[PDB]
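Chemist: What follows is a structure written as structure tokens; I'll ask about it next.
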Amino acid sequence: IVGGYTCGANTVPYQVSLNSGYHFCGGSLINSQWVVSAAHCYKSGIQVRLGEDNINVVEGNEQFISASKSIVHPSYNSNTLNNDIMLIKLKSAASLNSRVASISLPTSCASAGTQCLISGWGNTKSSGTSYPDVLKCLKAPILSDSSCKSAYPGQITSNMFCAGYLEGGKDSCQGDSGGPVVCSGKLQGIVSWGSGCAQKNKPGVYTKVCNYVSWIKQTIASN
Ligand SMILES: NC(=[NH2+])c1ccc2[nH]c(-c3cc([C@@H](CC(=O)[O-])C(=O)[O-])cc(Br)c3[O-])nc2c1
Ligand SMILES: [Ca+2]
């Protein structure tokens, strides 16, 4: 997260860190046994880390659980990042409490201008890599479809939305991929891609979760 602030330990209780011997992507806990992340974060050997704040130090509240299976959307296109969503089933259920809790799926899509909270342990520099130890937060608004398409002509599908600041300076970045975009207490987006980080006129692009609620429910139900 570039231009964000320190969230504060466990203030984003649905945030998870996907670890394969190091932090590589974020995710969101949607129930005690399932996490939603981005399909481009797929790999084998994933350990899901819940109740984290400082990813380099065990401080208490952490729960490390191996992923039993990862289900990448069948229509995910790695070239366009269309349908960039994946569900991870945990080997055992997480113990939910105040520090570890799930986030609700939306019942409707959000409109442009809605303010949302984006969080993660991704790069904090738009020029160079500087990864933080603790969880960073950023409040960003969802942009209009016309500003989004103007910024990335021919690259935005109906399963994506832009959020951020066209003036640059504040945005999600590499390492934040797979993480949550929460608006009014509902998970509306998944950090997917962008051109660089926090560059002027190049806002972040997010997977539009409201278009996948039925798929998520159907898939969880059958697995
Ligand atoms: N501006 C954003 N909102 C944004 C969000 C997620 C991103 N994820 C990435 C991202 C970048 C890489 C680099 C590779 C590198 O330098 O290691 C690349 O261009 O392929 C790789 C991944 Br995987 C990313 O998710 N950039 C991102 C930018
Ligand atoms: Ca820790």
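Each chain in the structure tokens gets a letter, A, B and so on, in the order shown; residues start at 1 in every chain, and ligands are counted from 1 in the order they appear.
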With only C-alpha atoms and all ligand atoms counted, collect every polymer residue having an atom within 6 Å of ligand 1; state the result as a count of residues only.
Modeler: 14
Chemist: Apply DSSP to the structure's backbone, then extract all residues of segment 142-198 of chain A labelled helix (DSSP H, G or I) and return them as a ChimeraX atom specification.
Modeler: /A:145-151
Chemist: Using only C-alpha atoms and all ligand atoms, what table do you get, as JSON lines, when you list each residue of chain A with an atom no more than 12 Å from ligand 2, its nearest pair of atoms, and their distance in Å rounded to one decimal, rows by chain then rising number?
Modeler:
```
{"residue": "A:9", "atom": "CA", "partner": "ligand 2", "partner_atom_place_in_ligand_line": "1 (Ca)", "distance": 9.5}
{"residue": "A:10", "atom": "CA", "partner": "ligand 2", "partner_atom_place_in_ligand_line": "1 (Ca)", "distance": 10.4}
{"residue": "A:16", "atom": "CA", "partner": "ligand 2", "partner_atom_place_in_ligand_line": "1 (Ca)", "distance": 11.4}
{"residue": "A:17", "atom": "CA", "partner": "ligand 2", "partner_atom_place_in_ligand_line": "1 (Ca)", "distance": 10.3}
{"residue": "A:23", "atom": "CA", "partner": "ligand 2", "partner_atom_place_in_ligand_line": "1 (Ca)", "distance": 11.4}
{"residue": "A:49", "atom": "CA", "partner": "ligand 2", "partner_atom_place_in_ligand_line": "1 (Ca)", "distance": 8.9}
{"residue": "A:50", "atom": "CA", "partner": "ligand 2", "partner_atom_place_in_ligand_line": "1 (Ca)", "distance": 9.3}
{"residue": "A:51", "atom": "CA", "partner": "ligand 2", "partner_atom_place_in_ligand_line": "1 (Ca)", "distance": 7.9}
{"residue": "A:52", "atom": "CA", "partner": "ligand 2", "partner_atom_place_in_ligand_line": "1 (Ca)", "distance": 5.0}
{"residue": "A:53", "atom": "CA", "partner": "ligand 2", "partner_atom_place_in_ligand_line": "1 (Ca)", "distance": 5.4}
{"residue": "A:54", "atom": "CA", "partner": "ligand 2", "partner_atom_place_in_ligand_line": "1 (Ca)", "distance": 4.2}
{"residue": "A:55", "atom": "CA", "partner": "ligand 2", "partner_atom_place_in_ligand_line": "1 (Ca)", "distance": 4.4}
{"residue": "A:56", "atom": "CA", "partner": "ligand 2", "partner_atom_place_in_ligand_line": "1 (Ca)", "distance": 5.7}
{"residue": "A:57", "atom": "CA", "partner": "ligand 2", "partner_atom_place_in_ligand_line": "1 (Ca)", "distance": 4.3}
{"residue": "A:58", "atom": "CA", "partner": "ligand 2", "partner_atom_place_in_ligand_line": "1 (Ca)", "distance": 4.0}
{"residue": "A:59", "atom": "CA", "partner": "ligand 2", "partner_atom_place_in_ligand_line": "1 (Ca)", "distance": 5.2}
{"residue": "A:60", "atom": "CA", "partner": "ligand 2", "partner_atom_place_in_ligand_line": "1 (Ca)", "distance": 7.0}
{"residue": "A:61", "atom": "CA", "partner": "ligand 2", "partner_atom_place_in_ligand_line": "1 (Ca)", "distance": 8.1}
{"residue": "A:62", "atom": "CA", "partner": "ligand 2", "partner_atom_place_in_ligand_line": "1 (Ca)", "distance": 6.5}
{"residue": "A:63", "atom": "CA", "partner": "ligand 2", "partner_atom_place_in_ligand_line": "1 (Ca)", "distance": 9.7}
{"residue": "A:64", "atom": "CA", "partner": "ligand 2", "partner_atom_place_in_ligand_line": "1 (Ca)", "distance": 10.4}
{"residue": "A:121", "atom": "CA", "partner": "ligand 2", "partner_atom_place_in_ligand_line": "1 (Ca)", "distance": 11.9}
{"residue": "A:133", "atom": "CA", "partner": "ligand 2", "partner_atom_place_in_ligand_line": "1 (Ca)", "distance": 8.6}
{"residue": "A:134", "atom": "CA", "partner": "ligand 2", "partner_atom_place_in_ligand_line": "1 (Ca)", "distance": 8.3}
{"residue": "A:135", "atom": "CA", "partner": "ligand 2", "partner_atom_place_in_ligand_line": "1 (Ca)", "distance": 10.1}
```
Chemist: Mind writing the picked residues with C-alpha atoms as a CSV table (one decimal), in the first residue's frame?
Modeler:
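part.csv, freshly written:
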```
chain,number,residue,atom,x,y,z
A,9,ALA,CA,-3.1,-4.6,15.2
A,10,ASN,CA,-6.1,-6.7,14.4
A,16,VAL,CA,-5.2,-12.9,5.8
A,17,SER,CA,-1.6,-13.3,4.5
A,23,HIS,CA,4.3,-13.3,2.4
A,49,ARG,CA,-2.0,-16.8,8.3
A,50,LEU,CA,-4.9,-15.3,10.2
A,51,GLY,CA,-4.8,-12.7,13.0
A,52,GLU,CA,-1.5,-11.2,11.7
A,53,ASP,CA,-0.2,-7.7,12.1
A,54,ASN,CA,3.6,-7.9,12.1
A,55,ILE,CA,4.3,-10.7,9.6
A,56,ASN,CA,7.9,-11.2,10.7
A,57,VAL,CA,7.2,-11.7,14.4
A,58,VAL,CA,4.8,-14.1,16.3
A,59,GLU,CA,3.2,-11.7,18.8
A,60,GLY,CA,0.1,-13.6,19.7
A,61,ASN,CA,-3.4,-14.0,18.0
A,62,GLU,CA,-2.0,-15.7,14.9
A,63,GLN,CA,-3.5,-18.9,13.5
A,64,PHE,CA,-1.4,-20.6,10.7
A,121,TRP,CA,1.5,-5.9,3.4
A,133,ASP,CA,6.3,-5.5,8.7
A,134,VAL,CA,2.8,-4.4,9.8
A,135,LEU,CA,-0.5,-4.1,8.0
```
Chemist: Any idea what's packed within 6 Å of segment 29-32 of chain A, counting only C-alpha atoms, ignoring anything in its chain fewer than 3 positions away? Could you give it as a PyMOL selection string?
Modeler: chain A and resi 14+35+93-94+102-103
Chemist: Quick one: everything within 12 Å of residue 108 of chain A, counting only C-alpha atoms, minus sequence neighbours fewer than 6 positions away in the same chain. Send it as JSON, numbers by chain.
Modeler: {"A": [183, 184, 186, 187, 188, 208, 209, 210, 211, 212, 213, 214]}
